[PDB]
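S.K.: opening piece of the complex, as it sits:
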Amino acid sequence: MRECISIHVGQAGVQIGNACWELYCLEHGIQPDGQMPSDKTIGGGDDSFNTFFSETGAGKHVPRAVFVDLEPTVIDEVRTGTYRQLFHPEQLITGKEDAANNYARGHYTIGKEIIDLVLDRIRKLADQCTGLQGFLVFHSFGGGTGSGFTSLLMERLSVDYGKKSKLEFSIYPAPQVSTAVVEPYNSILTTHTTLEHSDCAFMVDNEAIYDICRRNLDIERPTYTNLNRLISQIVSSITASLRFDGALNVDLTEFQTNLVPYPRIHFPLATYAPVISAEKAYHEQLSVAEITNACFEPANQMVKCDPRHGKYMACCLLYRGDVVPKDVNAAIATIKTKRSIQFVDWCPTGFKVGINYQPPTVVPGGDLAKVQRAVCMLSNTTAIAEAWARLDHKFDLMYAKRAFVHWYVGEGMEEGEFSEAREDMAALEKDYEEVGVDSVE
């Protein structure tokens, strides 16, 4: 059977993970105590789907997850919260010191002393599987942990496991909003390392969702307990085809093939169209077309990057609920007719489609409404080169004076590693340009 390991690293990972397993438990009928009263009421069924939850003989269902912070605060919310009786107590809080938003701290100094435990519990989880399909790493650029520890880990797994899909779900740093001075360095450092080991890194920025919740959900002052519920849904659609029935099922090695033309341009975006409040759940039809067109609106992207400044290479559309295929085909044609959406000449197909019959579920206490159908888009565009350039210019402005560097050297980093990582992102800026040049003869 199909089995995936969800890893959450740092604070941006955990607070997302707490929202995900909140949702995974509801879709499958699991209480926070790991129990499933419906199955003993039913007498059958594998709704306790062994993709995300392992099962013991006593009826308790235990999630396939490991998450670690290198500080004990955020996990300790889980070891004393409402989901304590769900998880395995082997959660890593060997975080007596934090990474101080330093790569050099999550990659070396405190980058070790914690990793041998992490690889062991994973190896235990993998030894309980009848077949793996890949990993799901939830982290954040900008920190030391989500940047450094994520890189060291991705290096080791590429040795022990090798050819297994590794899908990252990371918080991309925003152009204006930012909660740290040294974000540009930490992003360029792990981006250099994770490039040769990852397979597809799904980008999200916190600045776009602030506007989505404003314009669509009509929330005027949201916090991270809202941004992380939407991110919980993007993942469910990706991993829905491994749990529930469907017409056109999509495995995890299918994103790796259709959305990654060349091995270094595996940075796609994401979004979720029918993000509406309960009130606006009326007054609208929410058909396949109205939902599918919204995914191509530049204002409904979960990353701050205008795709109209670039060209599309590949787009995977994952539908859920009461959806009929002809409605998808009619809609995808309407998009290729519109001229503001330019595709590369070397990809005349462009689109992938996936359809499922299990609609999304409503986390109670939430802001999203109940719908019959829901859509998740994943796109690879040349516009994101603009965002790589913003980081490189911030890098150069404050590296020309060697600012904040003595905090990284103080941990074991060399002065040259900054250059070695700035040159690889100047080659990436060209590869995104070379791809976008239409061919000639």
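M.R.: Cool, got the structure. Numbers count the residues shown, from 1 in each chain, chains lettered A, B, ... in the order given.
S.K.: in chain A, which residue is most central in space?
M.R.: residue A:169 (2.1 Å; CA atoms, centre = their mean).
S.K.: show me the contacts for that one.
M.R.: A:16, A:136-139, A:202, A:204, A:231, A:234-235 (CB atoms under 8 Å, 6 or more residues apart in numbering). C-beta: built from backbone N, CA, C; applies to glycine.
S.K.: which ones among those residues map onto helices?
M.R.: Applying DSSP state H to the contacts of residue A:169, the entries found in helices are A:16, A:231, A:234-235.
S.K.: and those residues, which two are the farthest apart?
M.R.: Pairwise distances among the ones in helices among the contacts of residue A:169 were taken by CB to CB; the largest, 10.3 Å, belongs to A:16 and A:234.
S.K.: those two: who's more crowded?
M.R.: Using other CB atoms under 10 Å, the more surrounded residue of residue A:16 and residue A:234 is residue A:16, with 25 against 21.
S.K.: what's the single longest helix in chain A?
M.R.: Chain A, longest helix under DSSP H: helix A:416-436.
S.K.: report the buried residues of stretch A:164-180.
M.R.: Going by neighbour count (16 or more other CB atoms under 10 Å), the buried part of stretch A:164-180 is A:164-174.
S.K.: mind listing the helices for the stretch 151-300 of chain A?
M.R.: Here the stretch 151-300 of chain A has its helices, by DSSP state H, counting those that start in this stretch, at A:183-194, A:206-215, A:224-240, A:255-258, A:288-295.
S.K.: contacting residues for the nearest residue to residue A:350 once chain neighbours are set aside?
M.R.: Excluding its sequence neighbours, the residue lying closest to residue A:350 (CB to CB, 6 or more residues apart in numbering) is residue A:343, at 5.0 Å. Neighbour list for residue A:343: A:311-313, A:336, A:350 [criterion: CB under 8 Å, 6+ apart].
S.K.: of those, grab the buried ones for ChimeraX.
M.R.: Per 16+ other CB under 10 Å, the buried members of the contacts of residue A:343 correspond to this ChimeraX selection:
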select /A:311,312,313,350
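S.K.: between the contacts of residue A:343, which is nearest residue A:417?
M.R.: Of all the contacts of residue A:343, residue A:417 sits closest to residue A:313, with 30.6 Å by CB to CB.
S.K.: chain B next, sequence below:
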Amino acid sequence: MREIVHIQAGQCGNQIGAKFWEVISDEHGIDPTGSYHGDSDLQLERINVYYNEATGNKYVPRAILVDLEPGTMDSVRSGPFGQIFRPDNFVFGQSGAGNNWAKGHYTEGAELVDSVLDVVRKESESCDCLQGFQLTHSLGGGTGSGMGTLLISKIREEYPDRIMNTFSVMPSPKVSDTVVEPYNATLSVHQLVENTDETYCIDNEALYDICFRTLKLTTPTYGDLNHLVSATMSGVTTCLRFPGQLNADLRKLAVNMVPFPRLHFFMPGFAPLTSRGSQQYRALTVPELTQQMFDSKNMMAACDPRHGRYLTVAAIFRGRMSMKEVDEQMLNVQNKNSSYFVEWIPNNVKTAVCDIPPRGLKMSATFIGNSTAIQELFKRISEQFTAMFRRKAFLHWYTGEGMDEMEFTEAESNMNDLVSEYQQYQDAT
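M.R.: Below, chain B sits with the chains from the block before:
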């Protein structure tokens, strides 16, 4: 006794084949337990074609089920007619091909095909006289395109004198469903062209138009599209199961339809299709079907036959009819529309008539056509193909599994040559 092996590969073949066994089980009076609850006796004389017999007067279909994910299979088991299949013939694995032809052919499917063939070698030896094989798969994915064509080469080498009749869903022109359709289809066409006798090219875009214009279905699901294909699969082998005036079989259709060994790609069709509310306004007559058969808009191939010439077509009728009404009408088509027919084949029409129609229709018809308008399907893929291959768009996932750039060029030349072999017969000079 003539017998057929059915093989269901992928998400498209199994979702069709399940309806095929849901359709055939109706004509032969079999219930989901495998028991017979029929009325007539002609439902049992030739039940050995598709089914095998069991102990307590139960009938197990001679079907084989293959995939690289268990989701497709559990749907069959958890369905209307799931119990009849031999549970030892659900062959599967994990970690699907990922829409990579390289993974279905060389890497993963190669570690499962040996189990598949052992089920084939069992069923075939249990038969008295094997006529051919029946594969239902899709082009555009990895499993159906890789694991299918892998089985085709193996069965062809083991059983080279038998027919390999292959039903295949081709990629649509307007909207794709995978990005790497042209890479996967071109490599599959390189294998089918050399290792089959007749393959029926179906396209999902056309089936949407059939449901839209004729059946007036504006919410058609995949269970309805396969409800059309399954009909054609039944009409072809009708004269192997039921009696008729002028019989036919898979080998006889091939001989007339296939003048040269490579031009065995067909544009199927089926009549009489109509709306549920507009059935009491037409007269069901043989000329009503021929007008519906040779209509440009009832072909499941997504190619206009009016953009070419018919090389030779076929027409399998079912029901009480008059053979004058059949042969006179096929003649009127040839003489009227003489420009859409080859000049150096004086009669481009084969016919077949069965005396046993479908469960609830006075008569039915099935149409099989070989035209030069299939040129547009292989030509379209090549333009997609070379534009991607000229810059190596998605190639590094295929080379990583043990393929070379040479194998892509071979599939392109052979496809492009077939495009010319069909075009050699469109000009009249």
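S.K.: the buried residues of stretch A:164-180 again please, chain B included this time.
M.R.: Neighbour counts over stretch A:164-180 (16 or more other CB atoms under 10 Å in any protein chain shown) mark A:164-174 as buried.
S.K.: for the residue nearest to the centre of chain A, name its beta-bridge partners.
M.R.: Beta bridges link residue A:169 to residue A:138, residue A:202 when assigned by DSSP bridges.
S.K.: give me the number of residues near residue B:262?
M.R.: 14 (other CB atoms under 10 Å in any protein chain shown).
S.K.: er, residue A:294 I mean
M.R.: Residue A:294 is flanked by 20 other residues according to other CB under 10 Å.
S.K.: quick one: what helix or strand has residue B:412 in it?
M.R.: helix B:405-423 (DSSP states H and E).
S.K.: what is the burial count for the closest residue to chain A within the stretch 51-200 of chain B?
M.R.: Residue of the stretch 51-200 of chain B nearest chain A, by CB to the nearest CB: residue B:98 (3.2 Å). Residue neighbour count, defined by other CB under 10 Å, stands at 26 for residue B:98.
S.K.: next, it: phi, psi?
M.R.: phi 70, psi 30 (degrees, to the nearest 10).
S.K.: which ones are touching residue A:142?
M.R.: A:101, A:171, A:173, A:178-180, A:183, A:186-187 (CB atoms under 8 Å, 6 or more residues apart in numbering or on different chains).
S.K.: let's verify it: helix, strand, or coil?
M.R.: coil (DSSP: H, G, I helix; E, B strand; the rest coil).
S.K.: from residue A:192, how far off is the residue nearest to it when sequence neighbours are not counted?
M.R.: Spatial nearest neighbour of residue A:142, chain neighbours left out: residue A:183 (4.1 Å); criterion: CB to CB, 6 or more residues apart in numbering or on different chains. Per CB to CB, to the nearest Å, residue A:183 is found 15 Å from residue A:192.
S.K.: same thing with residue B:332?
M.R.: 74 Å.
S.K.: the two - which one has more neighbours?
M.R.: In terms of neighbours (other CB under 10 Å), residue A:192 is the more surrounded of residue B:332 and residue A:192; the figures are 19 against 12.
S.K.: tell me who's in contact with that one.
M.R.: Contacts of residue A:192 (CB under 8 Å, 6+ apart): A:420-421, A:424-425.
S.K.: which parts of chain B belong to which domain?
M.R.: The record's domain parsing of chain B by curated CATH domains lists B:1-259, B:260-373, B:374-429.
S.K.: kindly incorporate the sequence below as chain C:
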Amino acid sequence: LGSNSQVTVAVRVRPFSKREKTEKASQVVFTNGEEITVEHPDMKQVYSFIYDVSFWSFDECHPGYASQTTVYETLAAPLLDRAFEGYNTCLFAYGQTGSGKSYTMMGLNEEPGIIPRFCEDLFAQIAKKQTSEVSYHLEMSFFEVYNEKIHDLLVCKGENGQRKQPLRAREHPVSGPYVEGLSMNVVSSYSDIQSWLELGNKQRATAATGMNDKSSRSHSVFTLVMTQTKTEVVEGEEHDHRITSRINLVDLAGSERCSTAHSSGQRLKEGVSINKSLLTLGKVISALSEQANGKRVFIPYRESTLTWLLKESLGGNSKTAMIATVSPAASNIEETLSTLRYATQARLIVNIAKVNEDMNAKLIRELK
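M.R.: Adding chain C to what we have so far:
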């Protein structure tokens, strides 16, 4: 490509057989020197044909007797001349069953055919022009077609119930079709050529039939690759200009009706395969002869491994010669007529031969 080399056709009338003496067969094929006349025994209708060359091995003492060495010195020696010039060359046989194709090409130990004379004359010509300026490199291969599968004749099998390891054919974009895995052996002398040929002919498939007690039941292609490495007047590296040439000598099998050579099973199967290959070859010859008259025509190269691997010889880029072999018995007049018709149709073929300098798009291109 500034040339047009017409395919050179020859005909050889073999003598009466044991079978055709036991059955009192008459004589229906005659010559007047260069033309070939055929007569139906019913005295109803006469046909005539004209070829570039015609041989008469019907009787030893007759006038115009073209022995084995005369056939060689008329057909194969110019092919060696062009091979030394730098062209690719092809010589292929054709005819019905028992016509004497294997005899004409390979021959017997006491009557060596075209191959043991071609290779020997090649080595002899080399021994006189192996001067300090130019060196030579020779490779050989010898492969077989049997039930549309490819086999190598110059390996020593294992020991099993099945020891015919089949190779596959591939299409290189520039060099055209070729065989994957074929042992190409480097050669030094005519004695090594003879050893390899003995091994190959002992490995080739044969069988007793009603028209040949030792029948040639598989197509055979003999490939030589000759590279002349010459030297320019150089201030630096010597031995810096190479020319390559491929010589393909092909012995095909005969039609053979299933009723005359009555035998069931594997014999019938391989006869059917042979017949199919010959049909496809005929289609190819007719299509090329129609190309020669200015029409747009498609050549079915891909319908058989034989024509697919000979794509560059029946057309393409090499100087080609055909040897039709016929029988004078009246009982085989129809097959003789079919062979002669295909042969005279082949004279209209025109191939664009070029010199394989391996200098175009390098320097001689813009030099000239």
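S.K.: revisit the contacts of residue A:192 given that chain C is now included?
M.R.: With CB under 8 Å, 6+ apart as the criterion, the residues that contact residue A:192 are A:420-421, A:424-425.
S.K.: excluding its backbone neighbours, what's nearest residue C:77?
M.R.: Nearest one to residue C:77, counting by CB to CB, 6+ apart, is residue C:121 at 6.8 Å.
S.K.: with residue A:168 instead?
M.R.: residue A:201 (4.2 Å).
S.K.: what is the burial count for the one you found?
M.R.: A count of nearby residues for residue A:201, using other CB under 10 Å, gives 21.
S.K.: that one reaches residue A:267, doesn't it?
M.R.: Yes: when contacts are counted by CB atoms under 8 Å, residue A:201 is listed as touching residue A:267 (5.4 Å).
S.K.: which residues of the stretch 251-400 of chain B lie near chain A?
M.R.: Residues of the stretch 251-400 of chain B lying close to chain A (CB under 8 Å from any CB of the partner chain) are B:383-384, B:387-388, B:390-391, B:393-394, B:396-397.
S.K.: for residue C:30, list each beta-bridge partner.
M.R.: residue C:37.
S.K.: so chain A: which segments form each domain?
M.R.: Following curated CATH domains, one finds the domains of chain A at A:1-268, A:269-383, A:384-441.
S.K.: for residue B:208, find the nearest of the ones you listed.
M.R.: Among these, the nearest to residue B:208 by CB to CB is domain A:269-383 (5.1 Å).
S.K.: and for the closest residue to residue A:119 other than its chain neighbours, the neighbour number?
M.R.: Sequence neighbours aside, residue A:156 is the residue nearest to residue A:119 in space, at 6.1 Å (criterion: CB to CB, 6+ apart). Residues lying near residue A:156 (other CB under 10 Å) number 16.
S.K.: surely residue A:156 touches residue A:116?
M.R.: No: Residue A:156 is beyond contact range of residue A:116, at 9.7 Å (criterion: CB under 8 Å).
S.K.: distance of the residue nearest to the centre of chain A from residue A:22?
M.R.: From residue A:169 to residue A:22 the distance is 16 Å (CB to CB).
S.K.: same deal with residue B:355?
M.R.: Per CB to CB, residue B:355 is found 64 Å from residue A:22.
S.K.: who's more crowded, these two?
M.R.: residue A:22 (19 against 14).
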